[PDB]
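Just one chain is shown here, as structure tokens, and it is the form deposited in one PDB entry.
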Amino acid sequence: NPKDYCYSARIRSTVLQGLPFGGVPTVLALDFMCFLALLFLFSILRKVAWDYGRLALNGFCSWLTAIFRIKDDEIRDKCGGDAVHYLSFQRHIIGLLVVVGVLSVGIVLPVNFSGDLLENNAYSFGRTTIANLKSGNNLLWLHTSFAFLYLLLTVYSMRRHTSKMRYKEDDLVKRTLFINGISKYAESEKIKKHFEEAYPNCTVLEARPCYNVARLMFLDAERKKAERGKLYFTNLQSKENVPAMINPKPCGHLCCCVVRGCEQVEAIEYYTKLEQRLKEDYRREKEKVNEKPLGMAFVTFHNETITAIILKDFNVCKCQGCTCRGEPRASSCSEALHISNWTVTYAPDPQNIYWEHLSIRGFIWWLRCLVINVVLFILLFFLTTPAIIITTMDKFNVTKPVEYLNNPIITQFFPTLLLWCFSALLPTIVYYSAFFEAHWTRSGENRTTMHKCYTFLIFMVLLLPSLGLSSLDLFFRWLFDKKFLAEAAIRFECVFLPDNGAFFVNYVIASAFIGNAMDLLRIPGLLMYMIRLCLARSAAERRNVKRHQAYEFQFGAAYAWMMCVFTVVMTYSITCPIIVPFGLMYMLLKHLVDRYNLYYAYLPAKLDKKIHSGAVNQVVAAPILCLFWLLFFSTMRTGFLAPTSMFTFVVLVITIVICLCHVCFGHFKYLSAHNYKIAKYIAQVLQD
């Protein structure tokens, strides 16, 4: 009976996934052999293939021995506070999946193995899962009880973490306010004079307005390319005593024969005239920029306390005839400066700001972000999961190129190869959208990346293929429907099949071994780096590429993938106990790989605490989803009104409600996952 739908949302098993114990004994061995293969490969590719694994700084395995020798203090001196707090998050989850580890394997698994309901059946893996319990047993009360305890340990884990965190930001930031919405013709003097009149112990050290710096930074970078060329070809020619030539058009290497070619243009003359031209237009822009004030300012005060009391004075809220609202105070200049409109906030760190993107404000930023997210959301609505893509392909017969050869290896392999393809592609199409919204700050870009990327992964990886729905259209269709309340059991009975548990254990094994080896190899990065290197039109530009290619570490993506595997592991934790040790093994190997990547591979970022403290929210999201997975199980077997179905519902109603109060204000303390202890603001090139 449960066949024509429960295996609809993933393409189906190869060689039954291996005969014994749901394939786990087979898949674990093969993925482990791929681990040994890909790390042997990385040991060569790291050291040989144009330094790509080594840029942001040895015997054959001194890479590996370095992972085990690195100190936390030495991460701090190399990578700054964001790396330390990121590694502190992981270390709490490695502990949480050891208490959950020992309680799931120690007590939930032997209680399952006791049961009758799947005893005779062939599927030996299935016995370890909740489906093996008889319905009329208080043993379901123990499963309800642990699903509750795992919420409290997850809350206690993050209350511990957050109290240790004690994030540090430089004193220049603590005294600087970002004032947004000021009059466009507010010269520095009047911004200074407003506060230095209006507040008692006031003194303003700086008041720096913003300007439309976009093209001025473009020209600075181009000018730098010109200089790097001129200097290198000079230094080369002084030693070689022979000149060099480059084609002025793009992709100059491809000019292999003279047909409108003109490859013979001399390097020194080229870089000279180029540098002079760029210097000339750079001046023209710099003089023009002062006629484009963006109508914002950063103001830096002498005193941290007065910064606070201004910031409060503009955020106060009290009664007037229309509404409760704020009332910022009068002065000599309050009208000319339009103090009616000011939004006041602590400024980001000046390396956290995108001085380009400050240009894009008001109606147009929202119109542009809306367009990107509406077009994206429609695409994710109808193509949410790889299975609906492959199924729609088959319904339009586009498998046709395979049957040119029609080899029996290829026709059976090709579907799995395309699932790998779309599974890697669809979260990437989400992740890259954040790079076109033009967030004003690297915090904003990374927060947006976490919440979008994670949310999509929870539907692509966990929810949709669990209930056996291929797409968000199909999910809302089933939810709105006509008779949901009278038939939802047919989809809940689909979540707790042995086959479905076995699939999720296998997802985590592939994620532990192959997944992490790919995070070490970074082959898309390597491929883009080699193609960019090869297309560079000159020797000077090749060296330029090698220095530039090391990025800042993508904390938002790194969290989004991490809490996703945690969410799979801790939803399937009570219902399918065997999954948790592979969840732990994923976290050890991820933690070793990230210590390498942060220190050796990536450059340091600098991001506001909003990201690190934001990722704490999704750690609470994991055990919340696990109580749903028992409200489903309990409600379809015992009924809704039976005790285990009410208990794990009233708990959940309290948990949803207290979260949505937190969404109005993070002012709760005792019932809260967060426990806490109490010249540079000029655009990078406008100065030059």
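Between two forms, the rigid core is the largest collection of C-alphas that superpose within 1.5 Å. Residue numbers run from 1 along the displayed sequence.
Coordinates are lacking for 10 or more deposited residues between residue 678 and residue 679.
Coordinates are given for every residue of the deposited sequence from residue 641 through residue 642, so that no gap is recorded there.
From this point on, the text means the form deposited in another entry, which you will not see here.
Only one of 563, 131, 505, 182 has its C-alpha shifted by 2 Å or more between the shown form and the other one once the core is superposed, and that residue is 182. If you fit the rigid core between the shown form and the other one, you'll see the Cα of residue 577 move by less than 2 angstroms. If you fit the rigid core between the shown form and the other one, you'll see the Cα of residue 427 move by 2 angstroms or more. Relative to the superposed core, residue 357 undergoes a C-alpha shift of no less than 2 Å between the shown form and the other one. Annotation for the pair residue 348/residue 82: C-alpha atoms recede from each other in the other form, by 3 Å or more compared with this form. Cα-Cα spacing of residue 14 to residue 509 is enlarged in the other form versus the present form (difference of at least 3 Å).
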